[PDB]
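A single chain comes next, written as structure tokens; it is the form deposited in one PDB entry.
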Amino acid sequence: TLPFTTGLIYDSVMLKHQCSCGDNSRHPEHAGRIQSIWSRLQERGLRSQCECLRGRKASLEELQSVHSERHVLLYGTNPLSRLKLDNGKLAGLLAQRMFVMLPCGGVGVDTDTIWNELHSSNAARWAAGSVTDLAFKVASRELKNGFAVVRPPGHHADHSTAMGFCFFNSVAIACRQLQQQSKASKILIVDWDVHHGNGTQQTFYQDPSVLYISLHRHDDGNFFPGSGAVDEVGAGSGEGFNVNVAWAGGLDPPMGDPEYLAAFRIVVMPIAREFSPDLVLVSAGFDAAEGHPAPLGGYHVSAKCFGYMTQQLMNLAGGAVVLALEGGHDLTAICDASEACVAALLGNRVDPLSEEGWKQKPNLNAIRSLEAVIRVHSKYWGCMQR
């Protein structure tokens, strides 16, 4: 009801992260992703309804709440910064007579993960500080929820590893920052990008204060990045607080709405309520959308299903919900998916009766995959027991 209680995060800083080969056809994590989304938000009348924010750069201190000092200095600084770094640090960055040459002749961290020598450090720090900033507002309660239209994505970047199009784990940084500023708070991270958020899982693996729930294509270790099997529940104090909805059995039958709606009904929502989070962050990749062919997906989740998933998560944590863009590169599918999530965020309700496709039962691979989730997590969660 209260107006402008929903924020949107976007800035053109983030468009500059582009290979120097100048060819979007070999580089699916391109600037077009976030720009094509931004305008969809206007043409449909949603931007006006939101507290729009530009974001800011994360400080090196914020980055270090998740990443090593060497990763941070590598990807968070520029030669030559107005930066006051001590000479030993300066010397360390000289030992890396490093870089990787891409087949296209541009610089990369690996074949897929490109580096612009002028602009990528600024764009990565900007994605991370924007999600941190959109989130702080929601935590203060100065906003109800919000949506971060950020790139590059974050959820594959681990403590000292950039990979998978990601350099800093924007969501994990926001999580840590939030927790610094509100003692004893409990944070739920829901990751619905089709790939396992290996960096997020690892950041929080031994930490009972954060519950991580990933839904991802897994298929017995044979989908990028190979990580995030169902038996990975957390370790030490954090045992039970890592939930991998690891989908097995491949692309046949089709994996789409009935499976995702079932995963929410049976696993995400009940465990989430039992955890009872102070705030919910979503790694909201749209690469499980209809529109991604075999290699980068194969799934058929729809805009409305993403909308309805957003809408259910709003029942949690007093409504404190922040989505951050992760993966997904088919432009119409990511734009449809974002719009749906954004309507949903404003207080629009989706009608589950409206879709005939949602009368279909989840396929058996899905059921099986969930049975394994259940069987594993019955040890830790009451709603999973018996």
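Only residues modelled in both forms are compared. Each residue number is its position in the shown sequence, starting from 1. We call the rigid core the largest set of C-alpha positions that still match within 1.5 Å between the two forms.
- Modelling of residue 145 is complete across the other compared entries in which both of its neighbours are modelled; not even a third of them leave it out.
- In the record comparison, residue 78 is modelled in each of the other entries of this protein that model the residues flanking it, with no third of them omitting it.
- Comparing 327 to 335 with 351 to 359, the higher mean C-alpha B-factor in the PDB entry belongs to 351 to 359.
- The question of which stretch, 176 to 184 or 156 to 164, has the higher mean Cα B factor is settled in favour of 176 to 184.
- Between the residues 305, 131, 245, 94, the entry's highest C-alpha temperature factor is the one at 94.
- The PDB entry assigns the greatest CA B-factor among 83, 272, 114, 150 to 83.
- Looking at the C-alpha B-factors along this chain, the one for residue 50 belongs to the highest third.
- Split the chain's modelled residues into thirds by C-alpha temperature factor. Residue 207 is in the middle one.
- Remark: residue 290 belongs to the highest third of its chain, ranked by C-alpha B-factor as recorded.
- Split the chain's modelled residues into thirds by C-alpha temperature factor. Residue 137 is in the highest one.
- Sort the modelled residues of the chain by CA B factor and residue 70 lands in the middle third.
A second form of this protein, the form solved in complex with a small molecule, is not displayed here; the remarks below concern that form.
- For residue 309, no non-hydrogen atom is located within 4.5 Å of the small molecule in the deposited complex, even though that partner is not displayed.
- None of the heavy atoms of residue 57 is located within 4.5 Å of the small molecule in the deposited complex.
- Contact between residue 28 and the small molecule in the deposited complex is found at the 4.5 Å heavy atom cutoff.
- The small molecule in the deposited complex is not approached by residue 117, whose heavy atoms all lie more than 4.5 angstroms from it.
- Among 103, 295, 236, 79, the residue placing a heavy atom within 4.5 Å of the small molecule in the deposited complex is 295.
- 193 is the sole member of 232, 193, 207, 290 with a non-hydrogen atom within 4.5 Å of the small molecule in the deposited complex.
- With the small molecule omitted here, the record of contacts in the deposited complex names 157 to 165 of 252 to 260, 129 to 137, 238 to 246, 157 to 165, defined by a heavy atom within 4.5 Å.
- In sequence order, the runs of three or more residues whose C-alphas all shift by 2 angstroms or more between this form and the one not shown, with the rigid core superposed, are 2 to 4, 79 to 81.
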